[PDB]
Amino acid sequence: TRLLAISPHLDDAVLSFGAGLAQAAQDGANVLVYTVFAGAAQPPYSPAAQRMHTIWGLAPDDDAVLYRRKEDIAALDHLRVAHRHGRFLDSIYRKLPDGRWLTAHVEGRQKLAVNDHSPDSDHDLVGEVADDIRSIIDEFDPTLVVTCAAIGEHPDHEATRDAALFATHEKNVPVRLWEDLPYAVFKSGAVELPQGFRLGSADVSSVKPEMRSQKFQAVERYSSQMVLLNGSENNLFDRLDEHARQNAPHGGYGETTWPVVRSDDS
């Protein structure tokens, strides 16, 4: 078994599929967690990025990507799985063709506003990510790829998922999508895949209690994210535990995945 996980951001694979990754390595699978939006960003940073860096507990002009890469290595080391950090710049570091920042701040609103941009610019981003994924597939030779469903409709999650779907289709590798966490605790669960792809029936895994514990310890390595993840009530793990409790109310901890298959008549 050669499992390639494709995470949009530094933390998504561990939050959503950490237990499955740790279980996979335990069973003797070769596991690799490649993160798409891990590109090394250079100053000058935008105001919106600077603000994010402060929310992550960093100085505005700190090398934030380096810090987050280090956290990611620690967390994946904890699950006993390998890492690979991609070249793509996260949303807060990207500029548009016209020279504007992709993301700007508004006064008095929590979530950052994304500037409108061309379908061409999205097609091109997704194309480049797909290119990188295809090469990784050639290099690593996965038997299975797992990536995000993009529940919550984060644009970087959709870009990652879509590129993985195009690349895995061309390369004939089976692909599964994980339920995005903690997004799925806050957002419905229905997603729109690119034309020609659809979701098969869900599978909610059964993991040993010790893999649950390892997952949550791995999550704790993302120190920069604890404020963003614990939110208001400081109860991320409670919410994660409660979610898994529902989806197996006669079992313990587990993670929801769906296989991706071709639609009929496509």
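For every residue, the number given is its place in the sequence shown, counted from 1.
Legend entry - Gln110 dropped from a third or more of the other entries of this protein: Across the other compared entries, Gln110 is absent from at least a third.
Legend entry - Missing coords for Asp203 in a third or more of other PDB entries: Result for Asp203: never missing in the compared entries.
Legend entry - Greater mean Cα temperature factor according to the PDB record, 217-225 or 230-238: Higher of the two, by average CA B-factor, is 230-238.
Inset, instruction - Averaging the C-alpha B factors as listed in the entry, name the stretch that ends up higher: 166-174 or 104-112. - result: The deposited B-factors put 104-112 ahead on the C-alpha mean.
Legend entry - Within-chain third of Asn30 by Cα B-factor, per the entry: Its C-alpha B-factor, which the entry lists for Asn30, ranks in the middle third among residues of this chain.
Legend entry - Third of chain Cα B-factors occupied by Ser188: For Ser188, whose C-alpha B-factor we compare with every modelled residue in the chain, the answer is the highest third.
Legend entry - Chain-relative CA temperature factor third for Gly254: Middle third.
Legend entry - Relative C-alpha B-factor of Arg212, binned into the chain's lowest, middle or highest third: It belongs to the highest third of the chain when residues are ordered by C-alpha B-factor.
Legend entry - Third of the chain, ranked by Cα B-factor, where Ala22 sits: Ranked within chain, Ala22 CA B lands in the middle tercile.
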